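As the structure lists them, so they are numbered: ligands from 1, and atoms in each ligand from 1. Starting from 1, each residue takes its place in the sequence as its number.
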Amino acid sequence: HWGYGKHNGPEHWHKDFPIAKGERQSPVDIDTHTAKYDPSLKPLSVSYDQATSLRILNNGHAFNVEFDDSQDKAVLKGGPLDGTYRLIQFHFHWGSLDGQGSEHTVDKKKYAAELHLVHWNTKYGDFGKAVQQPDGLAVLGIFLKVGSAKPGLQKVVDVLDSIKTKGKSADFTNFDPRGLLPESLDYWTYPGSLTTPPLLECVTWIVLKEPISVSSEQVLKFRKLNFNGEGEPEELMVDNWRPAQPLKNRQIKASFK
Ligand SMILES: NCCc1c[nH]cn1
Ligand SMILES: [Hg+2]
Ligand SMILES: [Zn+2]
């Protein structure tokens, strides 16, 4: 079944999901000297004030925090986007050591983790229909560096104990995603895909330039999660990241100079 190990890892995904070798795959390396300023890009608009978090779940490849997306409560607009995209879920990718763990890299630099806020374009009515369109989704990606503790992430850290293994879920309401945003909203944008199967090339990537800092202690609780289900041998959930894919015909744009 796909995973991140040696026999079912990213190097093998292509056998079940042939699009893994397509033309707009993701994570990519963001070469900062080849990324071009685009003055025509608008500032991003993040309206997360009415967000309703509902649950936190260990799906066997990451942990997801899920939001109510049946009304326009947590939405992203502006930037490189046409229309409103509603927040559906956020999740992270991390490493087994602090020097690796992000999916996207900047000038070949890897960060300790990467947070992904997943949104679907509300012209398509539901997430299922948005993943059938070249513009169905917008993913906001944020780098995590090990430094000082991020107070807003602690509520997530303290709950991991209870979703340790695959299939477990916990109620997780009143979580505000605004506590996970850096101070600056400057970004790089390019057309790509989801970085886990089915690798659908449906995504407009919005990668924030400024990383947020997390404590070593916080990143360490992530590394305690398990890939396996309860009652199976213990495999810690670490290195759940896909390596950078060739950029091919894509131009990375910067919202800043
Ligand atoms: N296996 C599809 C579930 C999913 C969506 N996002 C993260 N995980
Ligand atoms: Hg698509
Ligand atoms: Zn992701």
Side-chain angles (χ1 to χ4, degrees), residues 2-4 8-10 13 16-28 30 53-67 69 76 81-83 85-95 100-105 110-144 156 163 165-169 172 177 180 190-208 211-212 222 225 227-229 237-245 250:
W2 72 272
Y4 291 95
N8 60 355
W13 297 344
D16 283 311
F17 312 89
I19 200 167
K21 291 204 171 331
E23 295 302 297
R24 60 185 268 189
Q25 292 285 296
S26 300
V28 293
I30 288 145
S53 51
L54 301 172
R55 226 160 55 134
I56 172 152
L57 160 92
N58 171 339
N59 54 30
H61 48 93
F63 59 88
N64 279 188
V65 168
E66 289 173 328
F67 289 79
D69 66 344
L76 183 73
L81 314 167
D82 297 312
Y85 280 74
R86 302 196 170 145
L87 165 62
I88 180 159
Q89 51 116 327
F90 69 72
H91 54 278
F92 298 80
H93 306 267
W94 59 91
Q100 67 191 35
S102 68
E103 291 203 310
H104 290 83
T105 54
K110 299 183 167 80
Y111 284 88
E114 190 174 330
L115 161 62
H116 294 157
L117 295 120
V118 187
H119 306 73
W120 57 271
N121 187 340
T122 69
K123 83 158 150 153
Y124 312 115
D126 63 73
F127 178 86
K129 276 292 170 336
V131 301
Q132 277 299 106
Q133 306 291 159
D135 51 354
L137 325 167
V139 186
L140 190 44
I142 296 160
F143 290 122
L144 268 67
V156 175
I163 58 152
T165 54
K166 180 211 261 281
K168 309 227 126 282
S169 45
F172 196 62
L180 303 169
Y190 78 100
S193 69
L194 292 173
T195 67
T196 59
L199 302 161
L200 310 171
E201 309 188 325
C202 304
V203 187
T204 290
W205 273 104
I206 300 149
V207 190
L208 309 187
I212 57 158
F222 288 9
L225 280 174
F227 280 132
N228 56 275
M237 199 169 279
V238 295
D239 299 316
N240 52 350
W241 51 272
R242 181 188 191 194
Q245 302 303 304
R250 299 173 289 179

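A donor-acceptor contact shorter than 3.5 Å links the side chain of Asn240 to the backbone of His61. Between the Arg86 side chain and the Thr122 main chain, no donor and acceptor come within less than 3.5 Å of each other. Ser102 places a side-chain N or O within donor-acceptor distance of the main-chain N or O of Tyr111, the cut-off being under 3.5 Å.
Of the N and O atoms on the side chains of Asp135 and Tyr124, at least one donor lies less than 3.5 Å from an acceptor on the other residue.
The nearest protein atom to atom 5 (C) of ligand 1, hydrogens excluded, is given as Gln89 NE2, 3.7 Å; this is a heavy-atom distance.
With the Zn ion (ligand 3) as the vertex, NE2 of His91 and NE2 of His93 span 100° to the nearest 10°.
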### Message
For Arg242 and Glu103: C-alpha separation, side-chain torsions, deciding distance, then whether salt bridge (charged side-chain N to carboxylate O under 4.0 Å, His left out) applies.
### Response
CA-CA 6 Å; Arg242 181 188 191 194; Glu103 291 203 310; over 6 Å; no

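Atom CG of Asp82 is surrounded by 12 or fewer heavy atoms from other residues, nucleotides or ligands within 6.0 Å.
Contacts with ligand 1 closer than 4.0 Å are made by side-chain heavy atoms of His61 only, the backbone lying farther away.
When distances from atom 3 (C) of ligand 1 to the protein are checked, no heavy atom turns up under 4.0 Å.
For ligand 1, the polar-atom distance check against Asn59 finds a nitrogen or oxygen pair separated by under 3.5 Å.
Counting just the N/O/S atoms of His116, the one with the shortest distance to the Zn ion (ligand 3) is named ND1.
For atom 7 (C) of ligand 1, the nearest non-hydrogen atom from the set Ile88, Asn64, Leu57 belongs to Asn64.
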